[PDB]
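*Asks:* return atomic coordinates for the entry below.
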Amino acid sequence: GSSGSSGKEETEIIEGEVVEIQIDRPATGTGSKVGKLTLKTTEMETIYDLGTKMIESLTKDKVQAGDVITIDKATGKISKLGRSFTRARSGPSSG
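*Replies:* Numbers count the residues shown, from 1 in each chain. The coordinates are given below.
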């Protein structure tokens, strides 16, 4: 049919370099396990709110800083990939 064009400039997935992983305890607050994850993507870091299912993923694989993990906003699940190739500016090339 006619409907349809070259677009789809919207993805429900984000992959970054696990910068920091904060975990709030039930000691005080509401109850539902809540945490804060930080990933450096696009020469910029963005904080992500972790619910109760997002944490279980960081635990099963004990995801820590330095590693590279993804985030599925569609289902709200996280997966581990390992490492990645980030392009950084240096200047003087030696090779």
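
*Asks:* residue 17 versus residue 85, what's the distance?
*Replies:* The gap separating residue 85 from residue 17 is 11 Å, by Cβ to Cβ, to the nearest Å. C-beta coordinates here come from the backbone N, C-alpha and C atoms, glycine included.

*Asks:* these two: which has the busier surroundings?
*Replies:* Per other Cβ atoms under 10 Å, whichever of residue 85 and residue 17 has more neighbours is residue 17, with 17 against 4.

*Asks:* distance-wise, check the more buried one relative to residue 52.
*Replies:* 24 Å.

*Asks:* and if you look at residue 78?
*Replies:* With distances taken as Cβ to Cβ, residue 78 is found 12 Å from residue 52.

*Asks:* go on, residue 37?
*Replies:* Remark: distance between residue 37 and residue 52 (Cβ to Cβ) = 14 Å.

*Asks:* kindly export the biggest strand by length in the chain (C-alpha atoms) in PDB.
*Replies:* Longest strand of the chain, by residue count under DSSP state E: strand 13-24. The C-alpha trace of strand 13-24 is given here as PDB (Å, rounded to 0.1, in the frame of the first residue of the first chain):
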ATOM      1  CA  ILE A  13      16.200   0.900  23.400                       C
ATOM      2  CA  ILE A  14      19.200   2.700  24.900                       C
ATOM      3  CA  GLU A  15      22.800   1.400  25.300                       C
ATOM      4  CA  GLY A  16      25.400   3.100  27.300                       C
ATOM      5  CA  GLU A  17      28.500   2.600  29.500                       C
ATOM      6  CA  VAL A  18      27.300   1.800  33.000                       C
ATOM      7  CA  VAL A  19      28.700   4.800  34.800                       C
ATOM      8  CA  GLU A  20      27.100   4.500  38.200                       C
ATOM      9  CA  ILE A  21      24.400   2.300  39.800                       C
ATOM     10  CA  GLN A  22      22.600   3.600  42.900                       C
ATOM     11  CA  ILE A  23      20.200   1.400  44.900                       C
ATOM     12  CA  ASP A  24      17.800   2.800  47.500                       C
END
